[PDB]
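First up is the structure itself, then whatever we jot down about it.
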Amino acid sequence: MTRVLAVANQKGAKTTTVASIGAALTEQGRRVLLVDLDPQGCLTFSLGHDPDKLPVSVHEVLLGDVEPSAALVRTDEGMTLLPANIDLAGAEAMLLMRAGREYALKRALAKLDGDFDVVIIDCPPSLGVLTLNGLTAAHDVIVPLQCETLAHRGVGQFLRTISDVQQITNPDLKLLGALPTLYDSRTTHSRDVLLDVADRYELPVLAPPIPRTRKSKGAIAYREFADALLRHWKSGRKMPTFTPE
């Protein structure tokens, strides 16, 4: 039964998280679809495709000009990727024009139901139509959250956006919480940042933190986190928190 995970943060980490979780699930046996929703094509390029060379992309898919299957490409790691390129910047403009703009990705993913166990979506650093499509198509959402500095301005706005989405396009959407990234355990300041965020906002901060970056510390953390996701989806186990219950 397909699970869809949105990965979102309007502040510009994020893409590494999509890719690394994707590969960890692919290791643990699951069929994984990654979706690039950023016209800059970060995920797509990081997975080895040149977005400027792609004959078609998620752009044509959102618009209905190409069927989803025809736009998918392979990755070395085993995941399947629905890629993006700068064309996608045009969809954002053409989509507000139409009705039910929010559901374009959702409809495209429905065609692929049964082909994949998990879908992970890389939302652009914005809270526009593209990110709305990602959140409207997801069961679950996490925000990858940097803790190098104290600049968690924006978390309030992000929560207000999640809440708005639950009200009108996707009532089933669940905020699993914040995945800390760029965690530095050499001083306490990273921890300080997370304790502060958890205290200001109605936002679970999840474990383990991804440290500043095959058997790496970051790899282990991503693997450990992918496993928590799997168990959460299978048996409803709560996601373990940075500060344990």
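Labels for the structure tokens follow display order: chains A, B, ..., residues from 1 in each chain, ligands from 1.
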
### Task
Using DSSP on the backbone coordinates, identify the residues of range 1-241 of chain A assigned to strand (DSSP E); present them as a PyMOL selection string.
chain A and resi 3-7+32-36+73-74+80-82+118-122+140-146+174-181

Requested write-out: N, CA and C atoms of the selected residues, as a short mmCIF file (atom, residue, chain, number, x, y, z; two decimals), in the first residue's frame:
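Result file part-v8.cif:
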data_model
loop_
_atom_site.label_atom_id
_atom_site.label_comp_id
_atom_site.auth_asym_id
_atom_site.auth_seq_id
_atom_site.Cartn_x
_atom_site.Cartn_y
_atom_site.Cartn_z
N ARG A 3 2.90 4.52 0.28
CA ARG A 3 3.02 5.66 1.18
C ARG A 3 3.75 6.80 0.48
N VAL A 4 3.25 8.01 0.65
CA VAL A 4 3.85 9.17 0.02
C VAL A 4 4.38 10.14 1.08
N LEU A 5 5.67 10.43 1.01
CA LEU A 5 6.32 11.29 1.97
C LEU A 5 6.78 12.55 1.29
N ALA A 6 6.29 13.69 1.76
CA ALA A 6 6.77 14.97 1.27
C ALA A 6 7.96 15.44 2.13
N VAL A 7 8.98 15.98 1.48
CA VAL A 7 10.08 16.58 2.21
C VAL A 7 10.15 18.07 1.87
N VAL A 32 11.08 2.30 -4.55
CA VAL A 32 11.03 3.74 -4.23
C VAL A 32 10.95 4.63 -5.46
N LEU A 33 10.02 5.58 -5.41
CA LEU A 33 9.94 6.63 -6.42
C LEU A 33 10.30 7.98 -5.78
N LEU A 34 11.30 8.65 -6.34
CA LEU A 34 11.66 10.00 -5.92
C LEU A 34 11.09 11.00 -6.93
N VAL A 35 10.53 12.11 -6.45
CA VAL A 35 9.96 13.14 -7.33
C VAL A 35 10.67 14.49 -7.11
N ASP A 36 11.29 15.01 -8.15
CA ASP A 36 11.89 16.34 -8.11
C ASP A 36 10.82 17.37 -8.47
N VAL A 73 12.99 8.05 -15.08
CA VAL A 73 14.37 7.67 -15.41
C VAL A 73 14.96 6.81 -14.29
N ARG A 74 16.03 6.09 -14.60
CA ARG A 74 16.67 5.23 -13.62
C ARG A 74 17.74 6.01 -12.83
N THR A 80 13.75 4.87 -8.64
CA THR A 80 13.20 5.42 -9.86
C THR A 80 12.96 6.90 -9.56
N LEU A 81 13.23 7.76 -10.54
CA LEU A 81 13.14 9.21 -10.37
C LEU A 81 12.20 9.86 -11.37
N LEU A 82 11.29 10.68 -10.87
CA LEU A 82 10.47 11.55 -11.71
C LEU A 82 11.15 12.93 -11.72
N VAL A 118 7.01 3.16 -1.77
CA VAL A 118 7.14 4.46 -1.15
C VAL A 118 7.46 5.50 -2.20
N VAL A 119 6.87 6.69 -2.05
CA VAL A 119 7.18 7.82 -2.90
C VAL A 119 7.71 8.93 -2.01
N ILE A 120 8.84 9.53 -2.39
CA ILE A 120 9.35 10.66 -1.64
C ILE A 120 9.45 11.87 -2.56
N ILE A 121 8.93 13.01 -2.09
CA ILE A 121 8.84 14.22 -2.89
C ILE A 121 9.74 15.33 -2.38
N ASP A 122 10.63 15.83 -3.24
CA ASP A 122 11.51 16.96 -2.94
C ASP A 122 10.85 18.27 -3.35
N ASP A 140 2.34 11.89 4.57
CA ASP A 140 3.24 12.36 5.61
C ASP A 140 4.18 13.43 5.09
N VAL A 141 4.58 14.31 6.00
CA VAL A 141 5.55 15.33 5.66
C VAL A 141 6.56 15.49 6.82
N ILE A 142 7.82 15.70 6.46
CA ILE A 142 8.86 16.08 7.41
C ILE A 142 9.51 17.37 6.94
N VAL A 143 10.00 18.18 7.87
CA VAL A 143 10.83 19.29 7.48
C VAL A 143 12.27 19.03 7.93
N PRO A 144 13.18 18.92 6.95
CA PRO A 144 14.62 18.83 7.27
C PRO A 144 15.07 20.18 7.80
N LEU A 145 15.58 20.20 9.02
CA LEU A 145 15.80 21.47 9.71
C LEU A 145 17.24 21.63 10.16
N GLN A 146 17.92 22.63 9.61
CA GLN A 146 19.30 22.93 9.97
C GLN A 146 19.41 23.39 11.42
N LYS A 174 -0.20 14.30 7.46
CA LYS A 174 0.35 14.23 8.80
C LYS A 174 1.77 14.79 8.85
N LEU A 175 1.98 15.74 9.76
CA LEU A 175 3.31 16.28 10.00
C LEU A 175 4.07 15.38 10.97
N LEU A 176 4.98 14.56 10.46
CA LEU A 176 5.71 13.66 11.36
C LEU A 176 6.64 14.46 12.25
N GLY A 177 7.18 15.56 11.71
CA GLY A 177 8.00 16.45 12.49
C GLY A 177 9.22 16.96 11.74
N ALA A 178 10.19 17.47 12.50
CA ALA A 178 11.42 18.03 11.97
C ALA A 178 12.58 17.05 12.04
N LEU A 179 13.24 16.81 10.91
CA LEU A 179 14.47 16.03 10.92
C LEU A 179 15.65 16.97 11.02
N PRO A 180 16.36 16.95 12.15
CA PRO A 180 17.49 17.87 12.26
C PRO A 180 18.58 17.51 11.26
N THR A 181 19.20 18.53 10.67
CA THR A 181 20.31 18.33 9.74
C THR A 181 21.44 19.29 10.09
#

### Message
For a quick check of understanding, using only C-alpha atoms, which of A:158, A:183, A:63, A:224 has the smallest distance to residue 125 in chain A?
### Response
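The shortest atom-to-atom distance to residue 125 in chain A comes from A:158.
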
### A:29, A:90, A:83, A:64 ranked by distance to residue 50 in chain A, top pick (using only C-alpha atoms)
A:83

#### Entry: Using only C-alpha atoms: which of A:19, A:105, A:155, A:66 has the shortest distance to residue 43 in chain A
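Between A:19, A:105, A:155, A:66, the residue approaching residue 43 in chain A most closely is A:19.
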
### Query
Which is closest to residue 207 in chain A among A:30, A:238, A:139, A:189, if we use only C-alpha atoms?
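Once distances to residue 207 in chain A are computed over only C-alpha atoms, the minimum belongs to A:238.
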
### Using only C-alpha atoms: which of A:169, A:28, A:241, A:126 has the shortest distance to residue 154 in chain A
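Counting only C-alpha atoms, the residue closest to residue 154 in chain A is A:126.
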
Sel. of helix (DSSP H, G or I) residues, range 205-241 of chain A, as a compact mmCIF listing (two decimals) with N, CA, C and O atoms, in the first residue's frame:
# COMPACT_ATOMS: atom_id res chain seq x y z
N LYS A 217 28.80 8.33 9.23
CA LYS A 217 27.92 8.69 10.33
C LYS A 217 26.57 9.20 9.80
O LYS A 217 25.52 8.91 10.37
N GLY A 218 26.60 9.96 8.71
CA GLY A 218 25.38 10.47 8.11
C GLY A 218 24.58 9.34 7.51
O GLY A 218 23.35 9.31 7.61
N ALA A 219 25.27 8.40 6.87
CA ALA A 219 24.63 7.23 6.28
C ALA A 219 23.91 6.39 7.33
O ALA A 219 22.77 5.97 7.13
N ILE A 220 24.58 6.17 8.45
CA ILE A 220 24.01 5.42 9.56
C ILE A 220 22.75 6.10 10.10
O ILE A 220 21.73 5.45 10.33
N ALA A 221 22.82 7.42 10.29
CA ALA A 221 21.68 8.19 10.77
C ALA A 221 20.48 8.11 9.81
O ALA A 221 19.34 7.89 10.24
N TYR A 222 20.73 8.26 8.51
CA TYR A 222 19.69 8.16 7.49
C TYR A 222 19.08 6.75 7.47
O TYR A 222 17.87 6.58 7.29
N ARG A 223 19.92 5.74 7.67
CA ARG A 223 19.47 4.37 7.67
C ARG A 223 18.58 4.13 8.89
O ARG A 223 17.50 3.52 8.80
N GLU A 224 19.03 4.64 10.02
CA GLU A 224 18.30 4.56 11.27
C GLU A 224 16.97 5.30 11.16
O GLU A 224 15.98 4.92 11.78
N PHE A 225 16.94 6.35 10.36
CA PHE A 225 15.71 7.12 10.26
C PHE A 225 14.74 6.47 9.29
O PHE A 225 13.54 6.41 9.56
N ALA A 226 15.26 5.97 8.17
CA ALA A 226 14.44 5.23 7.23
C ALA A 226 13.76 4.05 7.92
O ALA A 226 12.63 3.70 7.59
N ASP A 227 14.45 3.45 8.88
CA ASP A 227 13.92 2.28 9.56
C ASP A 227 12.74 2.66 10.47
O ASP A 227 11.76 1.92 10.58
N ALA A 228 12.85 3.82 11.10
CA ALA A 228 11.79 4.35 11.93
C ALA A 228 10.54 4.66 11.08
O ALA A 228 9.41 4.36 11.48
N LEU A 229 10.76 5.23 9.90
CA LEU A 229 9.66 5.46 8.96
C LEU A 229 8.94 4.16 8.59
O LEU A 229 7.71 4.10 8.62
N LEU A 230 9.71 3.14 8.24
CA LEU A 230 9.16 1.86 7.87
C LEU A 230 8.29 1.29 9.00
O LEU A 230 7.16 0.86 8.76
N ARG A 231 8.82 1.32 10.21
CA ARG A 231 8.11 0.77 11.36
C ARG A 231 6.87 1.59 11.69
O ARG A 231 5.83 1.05 12.08
N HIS A 232 6.98 2.90 11.52
CA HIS A 232 5.83 3.77 11.70
C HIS A 232 4.71 3.44 10.71
O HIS A 232 3.53 3.49 11.05
N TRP A 233 5.07 3.12 9.47
CA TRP A 233 4.07 2.85 8.45
C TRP A 233 3.49 1.45 8.59
O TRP A 233 2.34 1.21 8.23
N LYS A 234 4.29 0.53 9.10
CA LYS A 234 3.84 -0.86 9.23
C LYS A 234 2.96 -1.06 10.46
O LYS A 234 1.90 -1.68 10.37
N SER A 235 3.38 -0.53 11.60
CA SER A 235 2.75 -0.86 12.88
C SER A 235 2.28 0.36 13.65
O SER A 235 1.80 0.24 14.77

Residue 136 in chain A environment, 8 Å, only C-alpha atoms, sequence neighbours closer than 5 positions dropped, as a compact mmCIF listing (two decimals) with N, CA and C atoms, in the first residue's frame:
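File selection_27.txt, as written:
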# COMPACT_ATOMS: atom_id res chain seq x y z
N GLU A 102 -3.93 22.26 -7.32
CA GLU A 102 -3.26 21.58 -6.21
C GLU A 102 -3.10 20.07 -6.39
N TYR A 103 -3.98 19.48 -7.19
CA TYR A 103 -4.08 18.02 -7.30
C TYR A 103 -3.34 17.41 -8.52
N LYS A 106 -0.98 14.72 -7.46
CA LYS A 106 -1.76 13.66 -6.83
C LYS A 106 -2.37 12.72 -7.87
N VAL A 165 -3.33 23.45 4.41
CA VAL A 165 -3.47 22.33 3.51
C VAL A 165 -4.44 21.28 4.07
N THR A 169 -7.21 20.95 1.02
CA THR A 169 -6.88 20.04 -0.08
C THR A 169 -6.49 18.64 0.37
N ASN A 170 -6.19 18.48 1.65
CA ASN A 170 -5.63 17.21 2.13
C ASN A 170 -5.71 17.07 3.63
N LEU A 173 -3.27 14.75 5.75
CA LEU A 173 -1.83 15.00 5.78
C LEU A 173 -1.31 15.00 7.22

Test item: residues at most 12 Å from residue 52 in chain A, only C-alpha atoms, excluding those fewer than 5 positions along its chain, as a compact mmCIF listing (two decimals) with C-alpha atoms, in the first residue's frame:
# COMPACT_ATOMS: atom_id res chain seq x y z
CA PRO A 39 12.78 23.64 -11.31
CA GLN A 40 16.48 24.09 -10.36
CA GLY A 41 16.62 20.29 -10.57
CA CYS A 42 18.82 19.66 -7.51
CA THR A 44 17.75 15.28 -10.49
CA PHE A 45 21.33 16.52 -10.96
CA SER A 57 10.06 15.97 -17.18
CA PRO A 83 12.86 14.37 -12.77
CA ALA A 84 12.59 18.16 -13.00
CA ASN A 85 14.22 20.86 -15.08
CA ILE A 86 13.86 24.65 -15.51
CA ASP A 87 10.72 24.06 -17.65
CA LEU A 88 8.90 23.31 -14.37
